[PDB]
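Numbers here are sequence positions counted from 1.
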Amino acid sequence: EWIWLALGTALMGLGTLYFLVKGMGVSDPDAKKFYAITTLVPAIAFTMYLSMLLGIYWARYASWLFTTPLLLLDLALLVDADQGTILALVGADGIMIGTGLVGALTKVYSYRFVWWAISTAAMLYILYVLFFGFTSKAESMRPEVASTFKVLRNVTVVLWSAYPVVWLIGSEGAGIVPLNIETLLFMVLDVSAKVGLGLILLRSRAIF
Ligand SMILES: *C/C=C(C)/C=C/C=C(C)/C=C/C1=C(C)CCCC1(C)C
């Protein structure tokens with residue numbers, strides 16, 4: 001279990017460093033914003049993972065709290081989504097993470113179920129907007145933006161959907177997956193979402 005944590009920490013740190021240095025050689029005002037958000041996300045995750053090493057799993061949850069909104073923001077900026085749409089997405093993200101926590105704080109099965117159903121419903125709304133709403137918006141934009149968004153979209157929807165699955169079969173849920181393995185799964189997901197997506201985004205001309 002300690003290894004996945006050390007691994008996660010290292011991968012997040014290197015991802016952050018890489019995005020930071022890569023961004024230095026960029027001056028485009030549009031590109032810089034993406035570098036800002038994209039570098040900040042793994043920076044936040046690194047801090048939390050390193051913290052878990054120093055210790056702890058609520059720390060990882062807290063990083064989800066900070067990073068999910070920024071990831072959504074990254075996508076919103078790519079398709080130049082209007083403020084309202086973005087606020088709604090971020091608000092839904094807060095509900096997702098918020099209810100996930102409240103459901104975790106309740107001991108009675110029925111309340112937990114509803115809180116997490118609400119959390120899942122919030123995630124589904126987010127995935128719907130990205131997949132359907134953002135896709136039409138991207139297809140009316142320059143080819144590079146449309147193509148890069150489609151890839152980020154596909155990756156995002158797959159990775160995000162995996163979290164509740166792992167959560168539901170892990171120690172917070174049915175208790176089928178051992179803490180040891182769950183930590184591994186969430187680390188792979190976190191790195192893929194916060195370093196993998198950034199790589200795809202920042203290596204594209206779509207940010208200019
Ligand atoms: C870097 C971290 C990322 C992209 C984290 C994403 C986390 C989620 C999409 C979590 C979703 C959950 C539910 C839909 C139900 C309740 C439990 C959660 C919080 C694991």
Next on the checklist: Just to verify, which of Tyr125, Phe132, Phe131 counts as forming a side chain to side chain contact (heavy atoms under 4.5 Å, CB included) with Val129?
Outcome noted: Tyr125
Next on the checklist: Could you tell me if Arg153 sits above the aromatic ring of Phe134, with its cationic atom closer than 6.0 Å to the ring centre and no more than 45 degrees from the axis?
Outcome noted: no
Checklist entry - Do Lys107 and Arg112 pass the side chain to side chain contact (heavy atoms under 4.5 Å, CB included) test, and can you show the C-alpha distance, the side-chain angles, and the key distance before you say yes or no? => result CA-CA 7 Å; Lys107 36 286 153 292; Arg112 168 172 296 187; 5.7 Å; no
Checklist entry - How would you list, by chain and number, every residue that makes a salt bridge (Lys or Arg N to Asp or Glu O under 4.0 Å) with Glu144, sequence neighbours excluded? => result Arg142
Checklist entry - Do the two ring centres, one from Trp4 and one from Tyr49, sit under 6.0 Å apart? => result no
Item to check | Single hit among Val155, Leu72, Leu130, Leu189 for side chain to side chain contact (heavy atoms under 4.5 Å, CB included) with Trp160 | outcome: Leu72
Next on the checklist: Ring-plane angle category for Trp167 and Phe186, please: parallel below 30°, perpendicular beyond 60°, tilted otherwise.
Outcome noted: perpendicular
Next on the checklist: Does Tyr61 have more than 12 heavy atoms from other residues, nucleotides or ligands lying within 6.0 Å of its OH?
Outcome noted: yes
Checklist entry - CD1/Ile44 to CG/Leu70 distance, rounded to the nearest 0.5 angstrom? => result 5.0 Å
Next on the checklist: If we ignore hydrogens and angles and just use 3.5 Å, is the side chain of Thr99 paired with the main-chain N or O of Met96 as donor and acceptor?
Outcome noted: yes
Checklist entry - Are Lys32 and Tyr35 in a cation-pi setup, meaning NZ or CZ lies under 6.0 angstrom from the ring centre and within 45 degrees of the ring axis? => result yes
Next on the checklist: Does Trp116 form a side chain to side chain contact (heavy atoms under 4.5 Å, CB included) with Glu172? I'd like the steps, not just the answer.
Outcome noted: CA-CA 11 Å; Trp116 291 350; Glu172 295 109 321; 4.1 Å; yes
Next on the checklist: Evaluate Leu14 against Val195 for side chain to side chain contact (heavy atoms under 4.5 Å, CB included), listing each step before the verdict.
Outcome noted: CA-CA 9 Å; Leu14 284 173; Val195 176; over 6 Å; no
Item to check | More than 12 heavy atoms from other groups under 6.0 Å of CG on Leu87 | outcome: yes
Checklist entry - Distance-only, no hydrogens or angles: does the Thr85 side chain make a donor-acceptor pair with backbone N or O of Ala81 under 3.5 Å? => result no
Checklist outcome for this item: Interatomic distance, CZ@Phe34 vs OG1@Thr39, rounded to 0.5 Å, equals 12.5 Å
Checklist entry - So with a 6.0 Å cut-off around CH2 of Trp115, is the heavy-atom count from everything else above 12? => result no
Next on the checklist: For a side chain to side chain contact (heavy atoms under 4.5 Å, CB included) check, start with the C-alpha distance between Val90 and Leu73, then their side-chain angles and the critical distance, and finish with the verdict.
Outcome noted: CA-CA 8 Å; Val90 167; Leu73 191 56; 5.6 Å; no
Next on the checklist: With rounding to the nearest 0.5 angstrom, report the CG to CG distance, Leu75 to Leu71.
Outcome noted: 7.5 Å
Contacts under 3.5 angstrom, residues 197-208 side chains, donor-acceptor by atom type, not counting sequence neighbours:
| residue | atom | partner | partner atom | Å |
| --- | --- | --- | --- | --- |
| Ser204 | OG | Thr148 | OG1 | 2.6 |
| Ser204 | OG | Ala206 | N | 2.9 |

Checklist entry - From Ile95 CD1 over to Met123 CE, what is the distance, rounded to the nearest 0.5 angstrom? => result 14.0 Å
